[PDB]
>>> print(open('data.cif').read())   # mmCIF, C-alpha atoms and all ligand atoms
data_data
#
loop_
_atom_site.label_atom_id
_atom_site.label_comp_id
_atom_site.auth_asym_id
_atom_site.auth_seq_id
_atom_site.Cartn_x
_atom_site.Cartn_y
_atom_site.Cartn_z
CA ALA A 1 -29.23 -99.89 115.34
CA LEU A 2 -26.57 -99.33 118.00
CA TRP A 3 -23.38 -100.54 116.24
CA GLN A 4 -24.28 -98.25 113.34
CA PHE A 5 -25.07 -95.39 115.71
CA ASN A 6 -21.57 -95.90 117.12
CA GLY A 7 -20.01 -95.47 113.67
CA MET A 8 -22.21 -92.49 112.93
CA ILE A 9 -21.06 -90.64 116.04
CA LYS A 10 -17.42 -91.47 115.29
CA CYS A 11 -17.95 -89.90 111.81
CA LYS A 12 -18.74 -86.52 113.45
CA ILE A 13 -16.51 -86.90 116.49
CA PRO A 14 -13.57 -89.01 115.38
CA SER A 15 -11.60 -88.62 118.66
CA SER A 16 -14.34 -90.43 120.51
CA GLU A 17 -15.37 -93.96 121.57
CA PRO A 18 -19.14 -93.22 121.74
CA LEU A 19 -20.17 -96.35 123.70
CA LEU A 20 -17.81 -95.25 126.46
CA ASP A 21 -18.08 -91.45 126.21
CA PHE A 22 -21.84 -90.96 125.64
CA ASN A 23 -23.14 -93.84 127.60
CA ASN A 24 -24.33 -93.10 131.11
CA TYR A 25 -24.44 -89.35 130.71
CA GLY A 26 -27.17 -87.29 132.32
CA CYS A 27 -30.72 -88.60 132.54
CA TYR A 28 -31.22 -89.78 128.90
CA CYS A 29 -27.91 -90.87 127.36
CA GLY A 30 -27.87 -94.58 127.95
CA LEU A 31 -30.50 -97.00 129.22
CA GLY A 32 -33.91 -95.46 129.62
CA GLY A 33 -34.28 -91.88 130.52
CA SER A 34 -36.88 -89.84 132.32
CA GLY A 35 -37.10 -86.46 133.96
CA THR A 36 -35.63 -83.16 132.87
CA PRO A 37 -32.48 -83.21 130.61
CA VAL A 38 -29.56 -81.89 132.67
CA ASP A 39 -27.83 -80.06 129.76
CA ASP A 40 -27.89 -79.72 125.97
CA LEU A 41 -26.11 -83.03 125.32
CA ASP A 42 -28.73 -84.77 127.54
CA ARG A 43 -31.43 -83.00 125.51
CA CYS A 44 -29.81 -84.56 122.32
CA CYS A 45 -30.29 -88.00 123.87
CA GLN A 46 -33.88 -87.22 124.96
CA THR A 47 -34.71 -86.23 121.36
CA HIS A 48 -33.02 -89.45 120.17
CA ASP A 49 -34.97 -91.60 122.65
CA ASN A 50 -38.17 -89.83 121.42
CA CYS A 51 -37.26 -90.45 117.77
CA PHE A 52 -36.84 -94.21 118.32
CA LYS A 53 -40.11 -94.32 120.31
CA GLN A 54 -41.78 -92.71 117.33
CA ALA A 55 -40.16 -95.22 114.93
CA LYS A 56 -41.87 -98.08 116.78
CA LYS A 57 -45.26 -96.52 116.08
CA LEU A 58 -44.56 -96.29 112.32
CA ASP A 59 -46.56 -98.66 110.07
CA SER A 60 -43.59 -99.08 107.72
CA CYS A 61 -41.65 -100.38 110.71
CA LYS A 62 -44.49 -102.56 112.07
CA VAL A 63 -44.94 -104.13 108.68
CA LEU A 64 -41.55 -105.95 108.90
CA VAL A 65 -41.78 -105.96 112.74
CA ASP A 66 -38.08 -105.67 113.60
CA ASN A 67 -37.17 -102.76 115.90
CA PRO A 68 -35.32 -99.37 116.07
CA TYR A 69 -32.70 -101.78 117.55
CA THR A 70 -32.88 -104.34 114.77
CA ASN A 71 -33.84 -102.27 111.76
CA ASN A 72 -30.49 -102.03 110.08
CA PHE A 73 -29.62 -99.45 107.42
CA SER A 74 -26.79 -98.05 105.41
CA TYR A 75 -25.05 -94.72 105.63
CA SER A 76 -21.68 -93.38 104.46
CA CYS A 77 -19.17 -91.10 106.16
CA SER A 78 -17.27 -88.57 103.97
CA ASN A 79 -14.97 -86.08 105.62
CA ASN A 80 -17.01 -85.80 108.74
CA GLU A 81 -20.43 -85.80 107.18
CA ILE A 82 -22.95 -88.56 107.26
CA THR A 83 -25.21 -89.55 104.40
CA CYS A 84 -28.06 -91.97 104.95
CA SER A 85 -28.43 -94.10 101.83
CA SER A 86 -31.19 -93.51 99.32
CA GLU A 87 -31.41 -97.33 99.15
CA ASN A 88 -32.90 -97.32 102.70
CA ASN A 89 -36.65 -98.18 102.85
CA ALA A 90 -38.97 -95.81 104.80
CA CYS A 91 -38.35 -97.52 108.18
CA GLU A 92 -34.55 -97.81 107.77
CA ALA A 93 -34.53 -94.19 106.54
CA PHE A 94 -36.47 -92.95 109.61
CA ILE A 95 -34.06 -94.70 111.97
CA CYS A 96 -31.00 -93.51 109.99
CA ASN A 97 -32.26 -89.94 110.32
CA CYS A 98 -32.87 -90.32 114.10
CA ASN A 99 -29.24 -91.47 114.41
CA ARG A 100 -27.86 -88.87 112.06
CA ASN A 101 -29.69 -86.09 113.88
CA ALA A 102 -28.29 -87.20 117.28
CA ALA A 103 -24.70 -87.52 115.94
CA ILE A 104 -24.92 -83.95 114.58
CA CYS A 105 -26.49 -82.87 117.89
CA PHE A 106 -23.64 -84.52 119.94
CA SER A 107 -20.98 -82.74 117.90
CA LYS A 108 -22.59 -79.27 118.42
CA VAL A 109 -22.93 -79.17 122.25
CA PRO A 110 -20.70 -78.90 125.33
CA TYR A 111 -19.66 -82.08 127.19
CA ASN A 112 -19.96 -81.60 130.93
CA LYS A 113 -18.03 -84.32 132.74
CA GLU A 114 -19.93 -83.75 136.05
CA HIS A 115 -22.92 -85.35 134.35
CA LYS A 116 -21.17 -88.59 133.48
CA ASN A 117 -22.51 -91.44 135.64
CA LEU A 118 -25.24 -89.30 137.20
CA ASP A 119 -27.35 -90.84 139.93
CA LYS A 120 -30.36 -91.44 137.69
CA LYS A 121 -32.60 -91.05 140.72
CA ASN A 122 -32.20 -87.33 140.59
CA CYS A 123 -33.90 -87.70 137.18
CA CA B 201 -31.85 -93.07 126.71
#
>>> encode(input="data.cif", output="structure tokens")
Amino acid sequence: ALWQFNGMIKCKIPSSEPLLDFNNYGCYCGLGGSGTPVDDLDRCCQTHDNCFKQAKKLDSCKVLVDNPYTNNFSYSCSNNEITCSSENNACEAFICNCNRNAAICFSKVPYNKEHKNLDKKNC
């Protein structure tokens, strides 16, 4: 889920509005994504995109049929750390981990403004 991904990123980077700051960055952060990641933050998004793609192939996800986009989940944020809930079923848990991994990834890499709003055709 997106709206949950948004909260997860804010947990690690509280000075940020994720849907504004990490959208449309490089070749992978945002809609679609193809080509070579332009920097480490773009690589975080590529990994994320790959993780959701993988989620769709998961039987536990198919056998409920709702998507990486619809499969909700629960997580908690305690002084800048995210915990995916043990109550999450296998599908919700996979998606929560994809999101958690990307949030941690975003907080550990440089943000290069020259890559914001890249012409995705040089991707
Ligand atoms: Ca993407």
>>> closest_atom_pairs(input="data.cif", of="chain A", to="ligand CA 201 (chain B)", cutoff="12 Å", atoms="all atoms listed in the file", output="Markdown table")
| residue | atom | partner | partner_atom | distance |
| --- | --- | --- | --- | --- |
| A:2 | CA | B:CA201 | CA | 12.0 |
| A:22 | CA | B:CA201 | CA | 10.3 |
| A:23 | CA | B:CA201 | CA | 8.8 |
| A:24 | CA | B:CA201 | CA | 8.7 |
| A:25 | CA | B:CA201 | CA | 9.2 |
| A:26 | CA | B:CA201 | CA | 9.3 |
| A:27 | CA | B:CA201 | CA | 7.4 |
| A:28 | CA | B:CA201 | CA | 4.0 |
| A:29 | CA | B:CA201 | CA | 4.6 |
| A:30 | CA | B:CA201 | CA | 4.4 |
| A:31 | CA | B:CA201 | CA | 4.9 |
| A:32 | CA | B:CA201 | CA | 4.3 |
| A:33 | CA | B:CA201 | CA | 4.7 |
| A:34 | CA | B:CA201 | CA | 8.2 |
| A:35 | CA | B:CA201 | CA | 11.1 |
| A:37 | CA | B:CA201 | CA | 10.6 |
| A:41 | CA | B:CA201 | CA | 11.6 |
| A:42 | CA | B:CA201 | CA | 8.9 |
| A:43 | CA | B:CA201 | CA | 10.1 |
| A:44 | CA | B:CA201 | CA | 9.8 |
| A:45 | CA | B:CA201 | CA | 6.0 |
| A:46 | CA | B:CA201 | CA | 6.4 |
| A:47 | CA | B:CA201 | CA | 9.1 |
| A:48 | CA | B:CA201 | CA | 7.6 |
| A:49 | CA | B:CA201 | CA | 5.3 |
| A:50 | CA | B:CA201 | CA | 8.9 |
| A:51 | CA | B:CA201 | CA | 10.8 |
| A:52 | CA | B:CA201 | CA | 9.8 |
| A:53 | CA | B:CA201 | CA | 10.5 |
| A:102 | CA | B:CA201 | CA | 11.7 |
| A:120 | CA | B:CA201 | CA | 11.2 |
| A:123 | CA | B:CA201 | CA | 11.9 |
>>> residues_around(input="data.cif", residues="residue A:79", least_positions_apart="4", cutoff="12 Å", atoms="all atoms listed in the file", output="MDAnalysis selection string")
chainID A and resid 10:14 83
>>> write_last_selection(input="data.cif", atoms="C-alpha atoms", output="mmCIF file, in the coordinates of the input")
data_model
loop_
_atom_site.group_PDB
_atom_site.id
_atom_site.type_symbol
_atom_site.label_atom_id
_atom_site.label_comp_id
_atom_site.auth_asym_id
_atom_site.auth_seq_id
_atom_site.Cartn_x
_atom_site.Cartn_y
_atom_site.Cartn_z
ATOM 1 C CA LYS A 10 -17.420 -91.470 115.290
ATOM 2 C CA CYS A 11 -17.950 -89.900 111.810
ATOM 3 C CA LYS A 12 -18.740 -86.520 113.450
ATOM 4 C CA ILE A 13 -16.510 -86.900 116.490
ATOM 5 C CA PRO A 14 -13.570 -89.010 115.380
ATOM 6 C CA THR A 83 -25.210 -89.550 104.400
#
>>> atom_distance(input="data.cif", atom1="atom CA of residue A:67", atom2="atom CA of residue A:21")
24.5 Å
>>> atom_distance(input="data.cif", atom1="atom CA of residue A:72", atom2="atom CA of residue A:93")
9.5 Å
>>> atom_distance(input="data.cif", atom1="atom CA of residue A:115", atom2="atom CA of residue A:103")
18.6 Å
>>> closest_residue(input="data.cif", among="A:19, A:77, A:91, A:38", to="residue A:60", atoms="all atoms listed in the file")
A:91
>>> residues_around(input="data.cif", residues="residue A:90", least_positions_apart="3", cutoff="10 Å", atoms="only C-alpha atoms", output="list in words")
residues 58, 59, 60, 61, 86, 87, 93, 94, 95 and 96 of chain A
>>> axis_aligned_box(input="data.cif", around="stretch 19-31 of chain A", padding_each_side="4 Å", output="lines of an AutoDock Vina configuration file")
center_x = -24.5
center_y = -92.1
center_z = 128.1
size_x = 21.4
size_y = 17.7
size_z = 16.8
>>> residues_around(input="data.cif", residues="residue A:100", least_positions_apart="6", cutoff="9 Å", atoms="all atoms listed in the file", output="ChimeraX atom specification")
/A:5,8-9,82-84
>>> closest_residue(input="data.cif", among="A:70, A:122, A:99, A:109", to="residue A:56", atoms="all atoms listed in the file")
A:70
>>> closest_residue(input="data.cif", among="A:69, A:64, A:18, A:40", to="residue A:111", atoms="all atoms listed in the file")
A:40
>>> decode(input="data.cif", residues="chain A", atoms="C-alpha atoms", output="PDB file, in the first residue's frame")
ATOM      1  CA  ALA A   1       0.000   0.000   0.000  1.00  0.00           C
ATOM      2  CA  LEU A   2       0.973   3.576  -0.843  1.00  0.00           C
ATOM      3  CA  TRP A   3      -0.627   5.570   2.017  1.00  0.00           C
ATOM      4  CA  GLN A   4       1.091   3.202   4.437  1.00  0.00           C
ATOM      5  CA  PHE A   5       4.366   3.477   2.540  1.00  0.00           C
ATOM      6  CA  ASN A   6       4.039   7.241   2.985  1.00  0.00           C
ATOM      7  CA  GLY A   7       3.764   6.878   6.766  1.00  0.00           C
ATOM      8  CA  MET A   8       6.606   4.397   6.843  1.00  0.00           C
ATOM      9  CA  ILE A   9       8.983   6.782   5.093  1.00  0.00           C
ATOM     10  CA  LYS A  10       7.927   9.636   7.393  1.00  0.00           C
ATOM     11  CA  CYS A  11       8.820   7.360  10.368  1.00  0.00           C
ATOM     12  CA  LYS A  12      12.472   7.239   9.186  1.00  0.00           C
ATOM     13  CA  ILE A  13      12.616  10.688   7.633  1.00  0.00           C
ATOM     14  CA  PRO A  14      10.254  12.852   9.652  1.00  0.00           C
ATOM     15  CA  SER A  15      11.208  16.145   7.912  1.00  0.00           C
ATOM     16  CA  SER A  16       9.855  14.795   4.662  1.00  0.00           C
ATOM     17  CA  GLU A  17       6.617  14.678   2.617  1.00  0.00           C
ATOM     18  CA  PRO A  18       7.479  11.433   0.740  1.00  0.00           C
ATOM     19  CA  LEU A  19       4.817  11.722  -1.997  1.00  0.00           C
ATOM     20  CA  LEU A  20       6.354  15.047  -2.978  1.00  0.00           C
ATOM     21  CA  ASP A  21      10.037  14.418  -2.222  1.00  0.00           C
ATOM     22  CA  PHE A  22      10.513  10.843  -3.509  1.00  0.00           C
ATOM     23  CA  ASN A  23       8.095  10.876  -6.335  1.00  0.00           C
ATOM     24  CA  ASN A  24       9.523  11.508  -9.780  1.00  0.00           C
ATOM     25  CA  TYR A  25      13.126  10.954  -8.823  1.00  0.00           C
ATOM     26  CA  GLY A  26      15.536   9.225 -11.170  1.00  0.00           C
ATOM     27  CA  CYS A  27      14.387   6.341 -13.353  1.00  0.00           C
ATOM     28  CA  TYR A  28      12.548   4.209 -10.709  1.00  0.00           C
ATOM     29  CA  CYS A  29      11.097   6.404  -7.962  1.00  0.00           C
ATOM     30  CA  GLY A  30       7.570   6.995  -9.102  1.00  0.00           C
ATOM     31  CA  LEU A  31       5.500   5.505 -11.919  1.00  0.00           C
ATOM     32  CA  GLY A  32       7.181   2.629 -13.672  1.00  0.00           C
ATOM     33  CA  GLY A  33      10.876   2.490 -13.982  1.00  0.00           C
ATOM     34  CA  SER A  34      13.296   0.977 -16.435  1.00  0.00           C
ATOM     35  CA  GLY A  35      16.933   1.353 -17.334  1.00  0.00           C
ATOM     36  CA  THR A  36      19.923   1.852 -15.088  1.00  0.00           C
ATOM     37  CA  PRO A  37      19.355   3.484 -11.616  1.00  0.00           C
ATOM     38  CA  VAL A  38      20.960   6.939 -11.688  1.00  0.00           C
ATOM     39  CA  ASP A  39      22.154   6.889  -8.036  1.00  0.00           C
ATOM     40  CA  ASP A  40      21.771   4.955  -4.778  1.00  0.00           C
ATOM     41  CA  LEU A  41      18.358   6.413  -3.934  1.00  0.00           C
ATOM     42  CA  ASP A  42      17.141   5.343  -7.430  1.00  0.00           C
ATOM     43  CA  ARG A  43      18.563   1.880  -6.724  1.00  0.00           C
ATOM     44  CA  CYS A  44      16.379   1.831  -3.486  1.00  0.00           C
ATOM     45  CA  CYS A  45      13.318   2.420  -5.656  1.00  0.00           C
ATOM     46  CA  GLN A  46      14.382  -0.212  -8.223  1.00  0.00           C
ATOM     47  CA  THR A  47      14.698  -2.773  -5.393  1.00  0.00           C
ATOM     48  CA  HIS A  48      11.268  -1.663  -4.125  1.00  0.00           C
ATOM     49  CA  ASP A  49       9.679  -1.986  -7.575  1.00  0.00           C
ATOM     50  CA  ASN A  50      11.263  -5.499  -7.801  1.00  0.00           C
ATOM     51  CA  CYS A  51       9.942  -6.452  -4.353  1.00  0.00           C
ATOM     52  CA  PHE A  52       6.347  -5.552  -5.285  1.00  0.00           C
ATOM     53  CA  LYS A  53       6.702  -7.403  -8.614  1.00  0.00           C
ATOM     54  CA  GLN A  54       7.759 -10.430  -6.617  1.00  0.00           C
ATOM     55  CA  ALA A  55       4.805 -10.024  -4.231  1.00  0.00           C
ATOM     56  CA  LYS A  56       2.387 -10.394  -7.159  1.00  0.00           C
ATOM     57  CA  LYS A  57       3.881 -13.799  -7.957  1.00  0.00           C
ATOM     58  CA  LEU A  58       3.371 -15.049  -4.371  1.00  0.00           C
ATOM     59  CA  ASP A  59       0.678 -17.719  -3.874  1.00  0.00           C
ATOM     60  CA  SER A  60      -0.265 -16.267  -0.485  1.00  0.00           C
ATOM     61  CA  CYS A  61      -1.024 -13.025  -2.297  1.00  0.00           C
ATOM     62  CA  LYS A  62      -2.826 -14.664  -5.249  1.00  0.00           C
ATOM     63  CA  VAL A  63      -5.006 -16.610  -2.864  1.00  0.00           C
ATOM     64  CA  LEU A  64      -6.839 -13.430  -1.707  1.00  0.00           C
ATOM     65  CA  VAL A  65      -6.118 -11.746  -5.079  1.00  0.00           C
ATOM     66  CA  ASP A  66      -5.762  -8.131  -3.929  1.00  0.00           C
ATOM     67  CA  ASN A  67      -2.492  -6.419  -4.920  1.00  0.00           C
ATOM     68  CA  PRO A  68       0.809  -4.967  -3.541  1.00  0.00           C
ATOM     69  CA  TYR A  69      -1.345  -1.792  -3.933  1.00  0.00           C
ATOM     70  CA  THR A  70      -4.378  -3.131  -2.117  1.00  0.00           C
ATOM     71  CA  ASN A  71      -2.891  -5.594   0.337  1.00  0.00           C
ATOM     72  CA  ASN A  72      -3.068  -3.518   3.466  1.00  0.00           C
ATOM     73  CA  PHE A  73      -1.064  -4.260   6.623  1.00  0.00           C
ATOM     74  CA  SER A  74      -0.148  -2.884   9.979  1.00  0.00           C
ATOM     75  CA  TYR A  75       3.111  -1.495  11.253  1.00  0.00           C
ATOM     76  CA  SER A  76       4.115   0.765  14.149  1.00  0.00           C
ATOM     77  CA  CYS A  77       6.599   3.612  14.354  1.00  0.00           C
ATOM     78  CA  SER A  78       8.619   4.010  17.609  1.00  0.00           C
ATOM     79  CA  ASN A  79      11.316   6.640  17.792  1.00  0.00           C
ATOM     80  CA  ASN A  80      12.237   6.378  14.169  1.00  0.00           C
ATOM     81  CA  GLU A  81      12.035   2.640  13.808  1.00  0.00           C
ATOM     82  CA  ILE A  82       9.413   0.687  11.999  1.00  0.00           C
ATOM     83  CA  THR A  83       7.954  -2.608  13.142  1.00  0.00           C
ATOM     84  CA  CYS A  84       5.763  -4.639  10.824  1.00  0.00           C
ATOM     85  CA  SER A  85       3.089  -6.348  12.919  1.00  0.00           C
ATOM     86  CA  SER A  86       3.265 -10.018  13.793  1.00  0.00           C
ATOM     87  CA  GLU A  87      -0.510 -10.018  13.149  1.00  0.00           C
ATOM     88  CA  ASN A  88       0.217  -9.571   9.395  1.00  0.00           C
ATOM     89  CA  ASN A  89      -0.493 -12.695   7.257  1.00  0.00           C
ATOM     90  CA  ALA A  90       2.266 -13.921   4.875  1.00  0.00           C
ATOM     91  CA  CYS A  91       1.207 -11.601   2.001  1.00  0.00           C
ATOM     92  CA  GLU A  92       0.747  -8.482   4.181  1.00  0.00           C
ATOM     93  CA  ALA A  93       4.067  -9.328   5.878  1.00  0.00           C
ATOM     94  CA  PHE A  94       5.916  -9.592   2.529  1.00  0.00           C
ATOM     95  CA  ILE A  95       4.580  -6.212   1.397  1.00  0.00           C
ATOM     96  CA  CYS A  96       5.286  -4.609   4.808  1.00  0.00           C
ATOM     97  CA  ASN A  97       8.892  -5.797   4.541  1.00  0.00           C
ATOM     98  CA  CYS A  98       9.248  -4.449   0.963  1.00  0.00           C
ATOM     99  CA  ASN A  99       8.079  -1.056   2.287  1.00  0.00           C
ATOM    100  CA  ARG A 100      10.152  -1.194   5.431  1.00  0.00           C
ATOM    101  CA  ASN A 101      13.278  -2.094   3.471  1.00  0.00           C
ATOM    102  CA  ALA A 102      12.795   0.866   1.078  1.00  0.00           C
ATOM    103  CA  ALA A 103      12.130   3.350   3.940  1.00  0.00           C
ATOM    104  CA  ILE A 104      15.377   2.237   5.625  1.00  0.00           C
ATOM    105  CA  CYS A 105      17.105   2.424   2.222  1.00  0.00           C
ATOM    106  CA  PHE A 106      15.798   6.026   1.598  1.00  0.00           C
ATOM    107  CA  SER A 107      17.091   7.208   4.965  1.00  0.00           C
ATOM    108  CA  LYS A 108      20.637   5.818   4.341  1.00  0.00           C
ATOM    109  CA  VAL A 109      21.472   7.394   0.942  1.00  0.00           C
ATOM    110  CA  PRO A 110      22.263  10.822  -0.535  1.00  0.00           C
ATOM    111  CA  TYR A 111      19.462  12.863  -2.171  1.00  0.00           C
ATOM    112  CA  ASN A 112      20.653  14.403  -5.413  1.00  0.00           C
ATOM    113  CA  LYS A 113      18.277  17.157  -6.478  1.00  0.00           C
ATOM    114  CA  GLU A 114      19.515  17.094 -10.134  1.00  0.00           C
ATOM    115  CA  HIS A 115      17.710  13.774 -10.450  1.00  0.00           C
ATOM    116  CA  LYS A 116      14.316  15.101  -9.418  1.00  0.00           C
ATOM    117  CA  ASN A 117      11.966  15.199 -12.429  1.00  0.00           C
ATOM    118  CA  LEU A 118      14.437  13.439 -14.730  1.00  0.00           C
ATOM    119  CA  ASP A 119      13.502  13.058 -18.369  1.00  0.00           C
ATOM    120  CA  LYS A 120      12.563   9.382 -18.060  1.00  0.00           C
ATOM    121  CA  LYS A 121      13.581   8.900 -21.672  1.00  0.00           C
ATOM    122  CA  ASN A 122      17.197   8.914 -20.705  1.00  0.00           C
ATOM    123  CA  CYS A 123      16.238   5.795 -18.705  1.00  0.00           C
TER     124      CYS A 123
END
